[PDB]
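Colleague: Attaching a single structure in structure tokens format; questions to follow.
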Amino acid sequence: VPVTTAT
Amino acid sequence: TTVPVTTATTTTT
Amino acid sequence: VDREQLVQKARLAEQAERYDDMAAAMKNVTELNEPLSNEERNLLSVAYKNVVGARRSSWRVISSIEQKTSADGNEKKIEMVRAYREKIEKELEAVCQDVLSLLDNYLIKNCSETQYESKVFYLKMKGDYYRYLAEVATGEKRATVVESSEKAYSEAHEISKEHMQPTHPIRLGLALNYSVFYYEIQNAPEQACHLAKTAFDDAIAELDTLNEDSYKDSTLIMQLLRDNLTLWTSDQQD
Amino acid sequence: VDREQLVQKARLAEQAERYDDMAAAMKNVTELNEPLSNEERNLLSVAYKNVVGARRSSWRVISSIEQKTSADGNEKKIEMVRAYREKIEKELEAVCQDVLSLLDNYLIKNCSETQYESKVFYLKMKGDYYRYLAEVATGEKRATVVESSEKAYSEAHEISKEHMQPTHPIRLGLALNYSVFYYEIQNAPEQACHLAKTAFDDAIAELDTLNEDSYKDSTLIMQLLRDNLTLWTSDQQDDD
Ligand SMILES: *[C@@H]1O[C@H](CO)[C@@H](O)[C@H](O)[C@H]1NC(C)=O
Ligand SMILES: *[C@@H]1O[C@H](CO)[C@@H](O)[C@H](O)[C@H]1NC(C)=O
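Residue numbers (this note's numbering), protein chains in the order written: chain A, 1 to 7; chain B, 8 to 20; chain C, 21 to 258; chain D, 259 to 498.
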């Protein structure tokens with residue numbers, strides 16, 4: 001799983 | 008709150 | 021029916037690491053049909069991302085165990101694994117539809133053309149949670165959500181390009197997740213690597229256009245874009 | 259479903275970190291009225307420990323907020339926080355009564371007088387969850403659970419001291435949690451430190467009695483006992 005973002 | 012170390016397991020194998 | 025009572029419960033729940041209560045509280049707030057602040061947008065994203073993230077993590081583990089014990093050839097064991105995987109899939113699909121309903125009917129719809137920020141953010145989430153569904157979907161069912169996710173990101177990108185600088189944490193966030201959609205779901209590594217680098221390089225070119233706040237928050241996302249470009253290229257050369 | 263499919267869902271749920279489902283599978287197993295194996299005792303103890311453990315971790319966060327925000331003076335928030343803490347207390351209490359039901363109705367009951375190892379474990383577990391209740395109880399309610407925790411530990415201590423090697427993991431694990439009970443609940447650091455030291459020394463003395471099958475387990479608890487004794491003896495020098 002590739003890194004990600006939500007903020 | 009300040010806590011110490013504990014354990015909850017039995018020897019499987 | 022006190023709003024700021026709920027938003028307090030969401031924060032309080034976030035601390036106790038109770039994301040079922042946090043998601044619940046924040047869903048109730050959104051149902052009040054009033055726009056969310058930057059903090060309230062976050063409390064919602066965090067809450068649900070955790071709720072669905074724990075399901076995705078639990079799904080990958082059952083899939084892995086189902087890939088390995090499958091070649092083992094134990095009928096009764098495989099069945100319950102697949103059955104348990106089916107259990108978690110339905111819990112996952114249930115949460116995604118819940119958020120997507122909150123998005124399509126409460127959030128995205130009620131956003132004027134003067135709130136381009138929240139527009140992209142919600143559009144990203146619409147794409148993110150449609151992608152979660154694609155990760156477990158099969159047959160013609162999967163093809164449907166892939167297009168749904170593709171259509172959500174695509175629109176989130178157009179608004180970003182035109183009204184947001186490449187150094188914005190939201191445009192960096194969208195480009196990040198959008199690329200992952202191309203590499204993981206579409207299996208189009210060249211278009212994924214392209215979108216990842218194009219977003220990154222576009223952040224470098226206008227690097228001096230940084231605000232003190234987003235100066236740290238947005239650069240944290242850029243390194244993530246590189247980490248993917250690192251792992252993506254190293255897989256092609258094999 | 260087959261009894262073997264149950265335990266396999268327990269193993270599986272553990273790996274998927276779904277402990278509510280793990281504690282549910284092992285509950286169905288337990289209700290089958292068959293004695294639990296060594297792995298099955300492990301699966302049960304871990305599943306419920308994780309379930310109840312989460313509530314404890316949250317309750318400590320919430321009760322913490324309740325002390326920091328009590329000085330602010332906003333009676334609209336102090337109420338909603340106190341209301342939340344009670345929500346978590348009910349959830350926690352519910353789990354404890356659930357395990358204690360499994361223990362007293364199925365496990366501890368069907369233990370013959372030559373199953374010392376199993377009985378000492380189930381009892382130690384019983385004392386543990388009565389202590390969890392004592393962490394959120396007050397007044398007469400807190401007094402009753404503490405008394406019930408003591409009665410469980412105390413009986414487990416005698417059966418371990420008499421039928422188990424001081425290097426035995428089960429006996430060691432009891433001395434640990436029991437000592438924790440004294441220091442935290444009873445607030446008797448001398449009794450907590452002594453029991454922890456003794457159970458440790460007695461393990462070193464007969465350290466040649468470590469069986470290969472579970473040397474790793476026994477050795478692990480011993481570190482905790484010392485790490486406890488270190489942590490405790492450092493808290494008594496601050497109060498002085
Ligand atoms: C983190 O990466 C996973 C891997 O695909 C992705 O599904 C998820 O959406 C990412 N996190 C966020 C908040 O988008
Ligand atoms: C772990 O430590 C906590 C706090 O010291 C204690 O309440 C708990 O009982 C311990 N674990 C077990 C399985 O007893």
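For every residue, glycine included, the Cβ atom is placed at its ideal position computed from N, Cα and C.
(1) What do you reckon, is the C-beta of D:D260 under 7 Å from a heavy atom of ligand 1?
(2) Assign A:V3 to one of three DSSP states: helix, strand, or coil.
(3) Does the beta carbon of D:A305 fall short of 7 Å from some heavy atom of ligand 2?
(4) At a CB distance below 7 Å, what residues from the region 52 to 86 of chain C approach chain D? Give them in sequence order.
(5) Quick check: the Cα distance between C:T253 and D:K345, rounded to an integer number of angstroms?
(6) Got a sec: does ligand 2 put a non-hydrogen atom nearer than 7 Å to the Cβ of C:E232?
(7) 8 Å is my cut-off, CB to CB: does C:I241 come that close to chain A?
(8) With 16 as the cutoff for other CB atoms within 10 Å, does D:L290 come out buried or exposed?
(9) Is DSSP giving D:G385 helix, strand or coil here?
(10) Under the criterion of a Cβ to heavy atom distance below 7 Å, does C:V115 qualify as lining ligand 1?
(11) What number of angstroms, rounded off, separates the C-alpha of D:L361 from the C-alpha of D:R343?
(12) Start and end of the alpha helix (DSSP H) containing C:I98?
(13) Is there a C-beta anywhere in chain C that falls below 8 Å from the one on D:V353?
(14) Starting from C:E204, find everything on chain A with Cβ-Cβ shorter than 9 Å and list it in chain order.
(15) Around the C-beta of D:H426, are 16 or more other C-beta atoms found within 10 angstroms, so that it is buried, or is it exposed?
(16) Any beta carbon from chain C within less than 8 Å of D:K267's own beta carbon?
(17) Within the 8 Å Cβ cut-off, does C:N197 reach chain A?
(18) Determine the extent of the alpha helix (DSSP H) in which C:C131 is found, giving its start and end residues.
(19) Determine the contact status of D:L301 and D:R269, defining contact as a CB-CB distance below 8 Å.
(20) Using the C-alpha atoms, what's the distance from C:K144 back to D:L487?
(21) I want to verify the contact list: residues of chain A whose CB lies under 9 Å from the CB of C:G193, in sequence order.
(22) What residue does the alpha helix (DSSP H) around D:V404 start on, and which one ends it?
(23) According to DSSP, is C:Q206 part of a helix, a strand, or is it coil?
(24) Please confirm whether C:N125 has its beta-carbon closer than 8 Å to some beta-carbon of chain A.
(25) Look at the alpha carbon of C:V66 and the alpha carbon of D:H415, and state the distance between them as a whole number of angstroms.
(26) Can you look up C:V156 in the DSSP assignment and give me helix, strand or coil?
(27) Have a look at B:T16 and D:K326 and give me their C-alpha separation to the nearest angstrom.
(28) Taking the runs of the alpha helix (DSSP H) that are 4 residues or longer, which of them lie wholly in the region 435 to 480 of chain D?
(29) Taking any Cβ of chain A, which residues in the region 243 to 258 of chain C have a Cβ under 7 Å from it, in chain order?
(30) Counting contacts by CB-CB distance shorter than 8 Å, is D:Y342 in contact with chain G?
(31) Rounded to whole angstroms, how far is the Cβ of D:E349 from the Cβ of D:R389, which I believe are closer than 8 Å?
(32) Tell me the rounded alpha-carbon separation between C:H214 and D:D260.
Modeller: Inspection of the coordinates gives the following:
(1) Flag unset: Cβ of D:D260 not near ligand 1.
(2) In the structure shown, A:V3 sits in coil (DSSP, three-state: anything other than H, G, I, E or B).
(3) False, no ligand heavy atom lies under 7 Å from that Cβ.
(4) Those residues of the region 52 to 86 of chain C that come within reach of chain D (Cβ to Cβ, closer than 7 Å) are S78, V81, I82, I85.
(5) Near 50 Å, if we compare the C-alpha coordinates of D:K345 and C:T253.
(6) Incorrect: C:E232 has no Cβ contact closer than 7 Å to ligand 2.
(7) Taking Cβ atoms only, chain A reaches closer than 8 Å to C:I241, which makes this a yes.
(8) The residue in question, D:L290, is exposed, as its Cβ has fewer than 16 Cβ neighbours within 10 Å.
(9) Helix.
(10) Because no heavy atom of ligand 1 lies under 7 Å away, the Cβ of C:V115 does not count as near it: no.
(11) Going by the C-alpha atoms only, they are around 27 Å apart.
(12) Taken as a continuous stretch (DSSP letters only), the alpha helix (DSSP H) holding C:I98 covers 95 to 122.
(13) By this cut-off, D:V353 is not an interface position.
(14) Under the 9 Å cutoff, chain A gives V1, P2.
(15) Taking every protein chain shown into account, the CB of D:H426 has 16 or more other CB atoms within 10 angstroms, so this residue is buried.
(16) Taking CB atoms only, D:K267 has a neighbour in chain C less than 8 Å away.
(17) True, the Cβ-Cβ gap to chain A drops below 8 Å.
(18) Premise fails: C:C131 is in no alpha helix (DSSP H) and is neither H nor E.
(19) In contact: D:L301 and D:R269 (Cβ atoms closer than 8 Å).
(20) The straight-line gap from Cα to Cα measures roughly 52 Å.
(21) Within chain A, the residues near C:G193 are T4, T5, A6, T7.
(22) DSSP places D:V404 inside the alpha helix (DSSP H), whose first and last residues are 397 to 421.
(23) Coil at C:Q206, not helix or strand.
(24) It does not: the Cβ of C:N125 has no partner Cβ on chain A nearer than 8 Å.
(25) The straight-line gap from Cα to Cα measures roughly 46 Å.
(26) Three-state DSSP puts C:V156 in coil, outside helix and strand.
(27) Rounded to the nearest whole angstrom, the CA to CA distance from B:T16 to D:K326 is 36 Å.
(28) Counting only runs of 4 or more, we get 447 to 463.
(29) Listed in sequence order: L244, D247, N248, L251.
(30) No chain G is part of this structure, whose protein chains are labelled A, B, C and D.
(31) Here D:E349 is actually not in contact with D:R389; their C-beta atoms are around 17 Å apart, not less than 8 Å.
(32) C-alpha of C:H214 to C-alpha of D:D260: approximately 52 Å in a straight line.
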